[PDB]
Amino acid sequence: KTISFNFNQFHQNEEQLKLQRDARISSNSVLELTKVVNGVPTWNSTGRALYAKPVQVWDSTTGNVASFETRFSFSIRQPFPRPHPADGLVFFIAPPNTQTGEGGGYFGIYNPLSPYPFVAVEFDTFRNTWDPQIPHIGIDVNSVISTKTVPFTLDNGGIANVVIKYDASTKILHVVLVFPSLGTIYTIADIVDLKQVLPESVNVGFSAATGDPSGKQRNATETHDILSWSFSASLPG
C-alpha cells in the first residue's frame, strides 16, 4: 500500500490537517507553526501540525517496513539577532494521537514527564546544553539529543528546500537542505530502524518553538513557516 499527499499551499481551515497549540495557516496560505503577531514573531510560542490520517510505516504480519520520501519548504526569519534566536523546527514521526510536549529546546515534541517515541529531523537554532554549535540539522530518535548532527548557515527569512528520504532496505535516513537563493547544500544521513522505535501506524508532521520565558530573552524568537509539503510512503505489505 502506497500513500501520498501534497499541499502546494495551505487553505485556511484544512480538513486534512490537525493544527495544535499556536499553529495557524495565515491568509496568504502559509502554515505558521509558532506565533507571529502583526509581522513580528513572539517568544513563548509552540505549535504542531500533523497530517490528519495515520500512515502505516510497518506491518507486523509481514515484518515489512515502509520506504518514504517527504519534501517541503520552510522559512525562518530571525528579526532579532541581538541575544539569541530560538528554538527551531522539526519534521517528526510519532505515534498517533499525541499532544504538544515541552517547548523551548524540545520543539513541542518531547514531553519530559511522559515520553512517547518519535523519529525527527531537526533544524536547530538555539544551542542548548546537549547541543553542538547552531544552527544545525540533526537526527533525533526518542530524544532531542541528535544521533547525528551537521551545521548550516541560515538564509535569513529566505526559502529552504528539504528532501527527507528513507530506504527501508538500507535503513538509511538521508536529509538534504538547500537554500536556493544562496545555492548552499547540506546533507546528513544516519541509519534508523523505524521498526524498533515506532509502532505500525504513526502521524507525520512538523513542530516548532520559540524561546522559553525561563530564559528571559523576549528576543529569543523567529518565524517557523512552512510554504509547501509533500509526502509519499510505500509499504510492500
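Numbering starts at 1 and follows the sequence shown.
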With reference to the PDB entry, specify whether the mean Cα temperature factor is higher for 225-233 or for 13-21. 13-21
Name the higher of the two by mean Cα B-factor in the PDB entry, 77-85 versus 143-151. 77-85
Of the choices 187, 27, 34, 203, which one's C-alpha carries the largest B-factor in the record? 27
Among 111, 128, 133, 161, single out the one with the highest C-alpha B factor in the record, please. 111
Sorting the chain's modelled residues by C-alpha B-factor, tell me whether residue 191 ends up in the lowest, middle or highest third. middle
For the chain shown, is the CA B-factor of residue 207 in the lowest, middle or highest third of its modelled residues? lowest
Relative to the other modelled residues in the chain, which third contains the C-alpha temperature factor of residue 115: lowest, middle or highest? highest
Sorting the chain's modelled residues by C-alpha B-factor, tell me whether residue 54 ends up in the lowest, middle or highest third. highest
Sorting the chain's CA B-factors, does residue 180 end up in the lowest, middle or highest third? lowest
